[PDB]
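One chain follows as structure tokens, the form deposited in one PDB entry.
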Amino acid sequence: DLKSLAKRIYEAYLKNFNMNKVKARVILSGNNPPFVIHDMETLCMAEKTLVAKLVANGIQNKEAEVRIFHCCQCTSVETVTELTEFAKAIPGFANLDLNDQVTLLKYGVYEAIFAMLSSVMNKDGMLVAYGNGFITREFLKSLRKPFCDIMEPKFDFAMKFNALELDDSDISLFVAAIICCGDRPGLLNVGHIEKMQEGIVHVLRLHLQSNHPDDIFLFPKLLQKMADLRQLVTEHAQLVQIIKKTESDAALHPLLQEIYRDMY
């Protein structure tokens, strides 16, 4: 039954996420090729084509860094929606109390976002805007503080994560495992969540044994990556709070304020 479960999870991931690692790699290899954003000129050209409304305000347009952060947030909002539908495929998740489902998604979504973001990153940049842009790592590093500090730690995570050479069948189960954590704050039915976690981690362990016979440590490596992601998210939330206190024009999306509320 466990092999079928792993396949169910994988198929739900292919159905629910607009981006997957095969799709990303086709684009990254070289109709509607990605526009390269490597400097301010190319950022502004890409915006006029791909997010026209955001730059249709004349002198009232926000600063480039703020527009970029707004696009970051919109991407995360969309991935939250995808993750919420994906979670229905996880055995036991839809049987939990609605409040526990909310709590698991609240604490898990950014860990999952940063894990999956690795699939659209290479050492030089990342896919954005539904695969229609490629923004360079160096351009993001060139932004004014604090905005240049957003992406670089995610690239650092992603380069090591990508060196594990996971595929979509592994990543789908890793994301399911992130969502099923019994130690999130405020859970009502910890015991049932712990059982759900044990089941999905068992599926993950057996799948990695079968799909990666060459890497006998891969399961504990991925357990460590989950802990690393929790630290990456805590640090990300600290930076977002700096932006919220010091950058008045950088409006925080109403759906993401709730995810951050009483996190770190």
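So that the term is clear: the rigid core is the largest set of C-alpha atoms that superpose within 1.5 Å between two forms. Residue positions are given as counts along the sequence shown, with the first one as 1. Shifts are known only where both forms have a C-alpha.
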Third-or-more of other entries without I59: yes
State whether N31, though modelled here, is left unmodelled in a third or more of the other entries compared. yes
Residues with no coordinates between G30 and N31 in the deposited sequence, how many: none, 1 to 3, 4 to 9, or 10 or more? 1 to 3
Tell me which stretch has the larger mean Cα B-factor in this entry, 11-19 or 241-249. 241-249
With reference to the PDB entry, specify whether the mean Cα temperature factor is higher for 2-10 or for 255-263. 255-263
Selection from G108, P153, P185, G133 [criterion: highest C-alpha temperature factor in the record]: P185
So among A52, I68, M226, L204, who wins on Cα B-factor in the entry? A52
Ranked by Cα temperature factor within the chain, is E85 in the lowest third, the middle third or the highest third? middle
CA B-factor ranking of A46, expressed as a third of its chain: middle
By the record's CA B-factor, is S169 among the lowest, middle or highest third of residues in the chain? lowest
Going by what the PDB entry lists, where does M196 fall on CA B-factor within its chain: lowest, middle or highest third? highest
Binned into thirds over the chain's modelled residues, the C-alpha B-factor of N189 lands in the highest
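Same protein, other form: the form deposited in another entry, not shown, and the subject of what follows.
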Out of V55, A64, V36, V201, I need the residue that shifts by 2 angstroms or more at the Cα between the shown form and the other one, core superposed. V55
Looking in the other entry, decide if the C-alpha atoms of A52 and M126 are closer or farther than in the form shown; they differ by 3 Å or more. farther
Closer or farther: how do the Cα atoms of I59 and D249 compare in the other entry relative to this form, given a change of at least 3 Å? closer
Once the rigid core is superposed, list every run of three or more consecutive common residues with all C-alpha shifts of 2 angstroms or more between the shown form and the other one, in sequence order. 31-33, 50-53, 55-60
